[PDB]
Amino acid sequence: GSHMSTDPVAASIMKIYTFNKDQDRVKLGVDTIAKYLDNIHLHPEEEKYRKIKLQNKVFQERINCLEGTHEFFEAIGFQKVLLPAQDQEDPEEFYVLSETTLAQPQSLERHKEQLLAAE
């Protein structure tokens with residue numbers, strides 16, 4: 001990344017484990033994120049998987065009730081959007097792996113590496 005004073009994603013991996021002593025929940029975050037990234041990694045042509053709405057049980061009961069696990073997700077290259085619809089006059093947010101990171105798959109690779117290298 002930019003480096004110096006610890007890169008963002010790396011910095012957020014650190015806060016997650018240090019502030020949240022409950023390793024069950026830390027791992028619950030990791031499981032969910034690694035799983036979401038797996039569908040994108042194993043089938044890179046299926047761009048259709050790179051979509052994660054935040055208003056969902058797995059997110060709300062775990063990642064939303066967790067540490068800077070959310071910051072990690074955005075730091076790996078995801079952006080929040082509010083949907084372009086006319087059914088919902090309120091912001092339904094969606095995490096999407098942004099084109100800025102699509103162009104550099106090696107960065108996503110390092111970001112899943114960083115997360116496992118939580119030693």
# chains A, B, ... in the order shown; residues from 1 in each chain; ligands from 1

$ select_by_dssp --residues "chain A" --states "strand (DSSP E or B)" --output "MDAnalysis selection string"
chainID A and resid 51:53 78:82 93:97

$ select_by_dssp --residues "chain A" --states "helix (DSSP H, G or I)" --output "PyMOL selection string"
chain A and resi 8-19+23-42+47-49+57-61+63-65+69-75+99-102+105-116

$ atom_distance --atom1 "atom CA of residue A:112" --atom2 "atom CA of residue A:53"
20.3 Å

$ closest_residue --among "A:113, A:99, A:67, A:119" --to "residue A:28" --atoms "only C-alpha atoms"
A:67

$ closest_residue --among "A:110, A:45, A:37, A:32" --to "residue A:60" --atoms "only C-alpha atoms"
A:32

$ atom_distance --atom1 "atom CA of residue A:39" --atom2 "atom CA of residue A:118"
22.0 Å

$ closest_residue --among "A:90, A:29, A:36, A:103" --to "residue A:50" --atoms "only C-alpha atoms"
A:36

$ residues_around --residues "residue A:12" --least-positions-apart "3" --cutoff "7 Å" --atoms "only C-alpha atoms" --output "number ranges by chain"
A: 8-9, 15-16, 68, 71-72

$ write_last_selection --atoms "N, CA and C atoms" --output "short mmCIF file (atom, residue, chain, number, x, y, z; two decimals), in the first residue's frame"
data_model
loop_
_atom_site.label_atom_id
_atom_site.label_comp_id
_atom_site.auth_asym_id
_atom_site.auth_seq_id
_atom_site.Cartn_x
_atom_site.Cartn_y
_atom_site.Cartn_z
N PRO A 8 -3.00 0.36 5.99
CA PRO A 8 -4.38 0.26 6.47
C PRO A 8 -4.96 -1.06 6.78
N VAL A 9 -4.72 -2.04 5.93
CA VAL A 9 -5.47 -3.22 6.02
C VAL A 9 -4.77 -3.84 7.18
N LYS A 15 -6.00 -4.16 14.95
CA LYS A 15 -6.96 -3.73 15.93
C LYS A 15 -7.95 -4.83 16.18
N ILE A 16 -8.27 -5.62 15.16
CA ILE A 16 -9.31 -6.61 15.35
C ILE A 16 -8.92 -7.60 16.44
N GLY A 68 -12.91 -3.51 14.02
CA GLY A 68 -12.64 -2.90 12.71
C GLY A 68 -12.52 -3.89 11.57
N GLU A 71 -13.58 -2.09 8.50
CA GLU A 71 -12.56 -1.27 7.97
C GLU A 71 -11.60 -2.10 7.14
N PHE A 72 -11.31 -3.31 7.60
CA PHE A 72 -10.47 -4.24 6.84
C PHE A 72 -11.06 -4.49 5.45
#

$ closest_residue --among "A:52, A:11, A:40, A:26" --to "residue A:92" --atoms "only C-alpha atoms"
A:52

$ atom_distance --atom1 "atom CA of residue A:5" --atom2 "atom CA of residue A:117"
18.1 Å
